[PDB]
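Below is one structure, written out as structure tokens; comments come after it.
The analysis underlying the following values was restricted to heavy atoms, covering all of them including side chains, and did not include hydrogens, waters or symmetry mates. A note on names: the letters A, B, ... follow the listed sequences, proteins ahead of strands, and every chain is numbered from 1.
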Amino acid sequence: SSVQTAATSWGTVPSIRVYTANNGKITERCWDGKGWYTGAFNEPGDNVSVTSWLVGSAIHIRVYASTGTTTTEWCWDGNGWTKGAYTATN
Amino acid sequence: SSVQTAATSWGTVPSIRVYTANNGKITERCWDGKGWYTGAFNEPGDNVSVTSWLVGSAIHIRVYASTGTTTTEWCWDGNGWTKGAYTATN
Amino acid sequence: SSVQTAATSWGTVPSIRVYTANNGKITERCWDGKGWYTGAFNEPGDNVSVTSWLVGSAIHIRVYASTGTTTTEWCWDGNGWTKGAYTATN
Ligand SMILES: CO[C@@H]1O[C@@H](C)[C@@H](O)[C@@H](O)[C@@H]1O
Ligand SMILES: CO[C@@H]1O[C@@H](C)[C@@H](O)[C@@H](O)[C@@H]1O
Ligand SMILES: CO[C@@H]1O[C@@H](C)[C@@H](O)[C@@H](O)[C@@H]1O
Ligand SMILES: CO[C@@H]1O[C@@H](C)[C@@H](O)[C@@H](O)[C@@H]1O
Ligand SMILES: CO[C@@H]1O[C@@H](C)[C@@H](O)[C@@H](O)[C@@H]1O
Ligand SMILES: CO[C@@H]1O[C@@H](C)[C@@H](O)[C@@H](O)[C@@H]1O
């Protein structure tokens, strides 16, 4: 019905990422202290969750995008978004 | 049908905040080690996400509240809740 | 019928937990740096959120599981999942 969001943040600036699932597409908005901008994340899904962790100053993000019973993990490790090994039996 | 929640926590006590979206209104329950109480956050939304970060011992919280395609950011930085600069274009 | 997910992570290995609400049941998938495996968490809910915090190297997790207007908190504190004191009046 309404759009569905997930958010994560890191450091003390801070950096924030907000994922929005909207009519079966998930997009990303980004804050690194200098204003909101559109991020590179673009994947299909009706539902989104996210978690992230720092290794020093390098951010690692995992976005979990679901359509039906299939959840697909997407990984940011500094070098673009790549499909992760996550599987489930839903 | 069911209500929809988002949660964040910080420190080692810990402090926890649970946001619940219910029939278009989001409310807040709080734990700081001494029992659950109703927090000050009260905003419209059908969907809620949240993230938080520490700057030293000072907590900062961002709650993302959505109704239809409009997501509104709310900010706690120690001194009450204020509308954030987040915009999307959904 | 789309599933709904929540995620948390900790440390820098990292450890990740992904909770999936699916036809009124919430299940758990786990990563601690080897493969993905099925976790012990199994509770009723149409909606799930989660937060976690470290006390030293010991993980503490709180999962908020909602069915209708009733949100139930589940606690991992290193030995097993136990019902938490969380209440709300939804
Ligand atoms: C630098 O690129 C921005 O930040 C990264 C951590 C990701 O969230 C990416 O999609 C976004 O466009
Ligand atoms: C190195 O493996 C990648 O990162 C791990 C933290 C997990 O998210 C895994 O599913 C992913 O493919
Ligand atoms: C001190 O006030 C309590 O904690 C703050 C961090 C906020 O979550 C606020 O809504 C709540 O009432
Ligand atoms: C300083 O700006 C405020 O805090 C930032 C971390 C962002 O959440 C932004 O939208 C908000 O207006
Ligand atoms: C050791 O047990 C595994 O990890 C714990 C932190 C919990 O996530 C539990 O459900 C899971 O099976
Ligand atoms: C010790 O109390 C347990 O842990 C706290 C951090 C809260 O989650 C509370 O609801 C729970 O019963």
Review point. Side-chain contact, heavy-atom cut-off 4.5 Å: C:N47 with B:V3?
Key: no
Review point. Within the distance-only criterion (no hydrogens, no angle test), does the side chain of C:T51 pair as donor or acceptor with the backbone N or O of B:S9 below 3.5 angstrom?
Key: yes
Exercise for review: Could you look at C:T8 and say if it's the side chain, the backbone, both or neither that has a heavy atom under 4.5 Å from chain B?
Suggested key: neither
Study note, to complete from the structure: Taking a cut-off of under 4.5 angstrom between non-hydrogen atoms, the residues of residues 73-89 of chain C near chain B are C:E73, C:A85, C:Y86, C:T87, C:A88
Check your understanding: At a heavy-atom separation under 4.5 Å, does B:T12 approach chain C through its side chain, its backbone, both, or neither?
Key -> both
Point to revise | OG1-CG distance between B:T27 and C:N90, expressed to the nearest 0.5 angstrom | key: 6.0 Å
Review point. Using a heavy-atom distance cut-off of less than 4.5 Å, which residues of residues 53-70 of chain C contact chain B?
Key: C:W53, C:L54, C:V55, C:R62, C:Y64, C:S66, C:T67, C:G68, C:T69
